[PDB]
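I have placed the structure first, in the form of structure tokens, so that the comments after it can refer back to it.
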Amino acid sequence: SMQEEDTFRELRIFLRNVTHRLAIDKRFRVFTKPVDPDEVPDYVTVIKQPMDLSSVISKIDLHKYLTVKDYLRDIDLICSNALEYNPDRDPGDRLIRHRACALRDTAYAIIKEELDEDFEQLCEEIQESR
Ligand SMILES: CC(=O)c1csc(NC(=O)[C@@H](C)[NH3+])n1
Ligand SMILES: [Cl-]
């Protein structure tokens, strides 16, 4: 229905706003673009499902997210990929892991404060009906 399309449009506006706030945070720069194979050739082979904030924006605009739960799965993937790719004790790896956890924690905190639970429930019920 048109009311349901309005609901998903509001969801997309909300998700673009959250994503923009993450993307402008200097700590999260490493997560804003796909990994360049010229700089890191072994990435594309170790990480089977890459994800980054630019790809998240593209997915919002392609209407790939019908709930915040599905968006958070991709935030979780950005973080889990970073932990997997940077598992060593060396400070470069530890810095990226700390930033990855901060990205995840920040996204969840914004959503806890700003997502209305009944709005998310409505999205989930529309999604389940299709
Ligand atoms: C997106 C991501 O997790 C990423 C990009 S480079 C990197 N790791 C390093 O640069 C190590 C070698 N210090 N991780
Ligand atoms: Cl840096």
Side-chain angles (χ1 to χ4, degrees), residues 1 3-25 27-130:
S1 69
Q3 291 84 355
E4 292 172 345
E5 295 315 313
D6 291 346
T7 299
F8 291 133
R9 186 164 181 266
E10 176 162 356
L11 173 66
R12 294 191 296 270
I13 294 163
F14 173 74
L15 296 180
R16 287 188 198 98
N17 176 265
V18 176
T19 306
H20 181 251
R21 287 149 70 186
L22 301 173
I24 64 185
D25 192 308
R27 293 174 294 170
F28 308 146
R29 188 186 202 261
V30 68
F31 309 120
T32 58
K33 295 292 163 51
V35 174
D36 186 23
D38 302 334
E39 304 313 338
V40 200
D42 51 317
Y43 192 82
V44 175
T45 82
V46 171
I47 295 299
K48 290 303 154 186
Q49 206 178 359
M51 187 57 57
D52 67 270
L53 298 169
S54 70
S55 296
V56 167
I57 288 300
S58 292
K59 290 182 63 168
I60 296 169
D61 291 341
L62 291 168
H63 302 191
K64 301 287 192 180
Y65 303 121
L66 296 198
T67 69
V68 183
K69 193 161 65 178
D70 287 348
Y71 170 86
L72 285 171
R73 293 181 191 278
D74 276 346
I75 299 303
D76 286 333
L77 182 58
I78 295 174
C79 181
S80 66
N81 286 345
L83 305 193
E84 169 182 339
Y85 194 72
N86 299 276
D88 295 337
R89 70 94 38 211
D90 67 80
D93 283 28
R94 287 190 173 164
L95 178 60
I96 294 169
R97 291 203 305 275
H98 193 267
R99 289 167 167 177
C101 291
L103 170 74
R104 170 201 70 199
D105 294 345
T106 298
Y108 275 85
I110 290 169
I111 284 157
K112 184 172 193 175
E113 289 191 311
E114 304 179 24
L115 169 65
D116 184 287
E117 294 187 350
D118 294 328
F119 181 87
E120 171 65 11
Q121 185 66 32
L122 174 60
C123 288
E124 293 181 8
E125 293 180 4
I126 303 165
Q127 179 187 54
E128 291 161 8
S129 75
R130 309 194 162 177

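We're numbering straight along the sequence, starting at 1. When reading the values below, keep in mind they use all heavy atoms of this one structure, side chains included, and skip hydrogens, waters and symmetry mates. Start at 1 and go down the list; that is how both ligands and their atoms are numbered.
Listed by number with element, the atoms of ligand 1 under 4.0 Å from a non-hydrogen atom of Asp93 are 11 (C), 13 (N). Listed by number with element, the atoms of ligand 1 under 4.0 Å from a non-hydrogen atom of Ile96 are 7 (C), 8 (N), 9 (C), 14 (N). Here is the list of ligand 1 atoms found below 4.0 Å of a heavy atom in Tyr85: 7 (C), 8 (N), 14 (N). Every atom of ligand 1 with a heavy atom of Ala82 under 4.0 Å away is listed here by number and element: 3 (O).
Screening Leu115, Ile111, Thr67 for a side chain to side chain contact (heavy atoms under 4.5 Å, CB included) with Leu72, the sole residue that qualifies is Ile111.
Residue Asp90 has no nitrogen or oxygen atom sitting less than 3.5 Å from a nitrogen or oxygen atom of ligand 1, judged on distance alone.
Checked by atom type and distance alone, the side chain of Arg97 pairs as donor or acceptor with a backbone atom of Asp88 at under 3.5 Å.
Residue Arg94 places its CZ atom among more than 12 non-hydrogen atoms of other residues, nucleotides or ligands, all under 6.0 Å distant. Dense packing is recorded around CZ of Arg16, with more than 12 heavy atoms of other residues, nucleotides or ligands lying under 6.0 Å away.
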Derivation of the side-chain contact (heavy atoms from CB on, under 4.5 Å) call for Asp42 and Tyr85: CA-CA 10 Å; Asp42 51 317; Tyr85 194 72; 2.6 Å; yes

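Closest heavy-atom approach to atom 5 (C) of ligand 1 among the candidates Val30, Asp36, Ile47, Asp52: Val30. Between atom 14 (N) of ligand 1 and the options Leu83, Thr32, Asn86, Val40, the minimum heavy-atom separation is to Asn86.
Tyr71 and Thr19 make their closest contact through OH-OG1, 2.7 Å (heavy atoms, listed as atom of the first residue, atom of the second, distance).
The protein non-hydrogen atom at the shortest distance from atom 1 (C) of ligand 1 is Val35 CG2, 3.8 Å.
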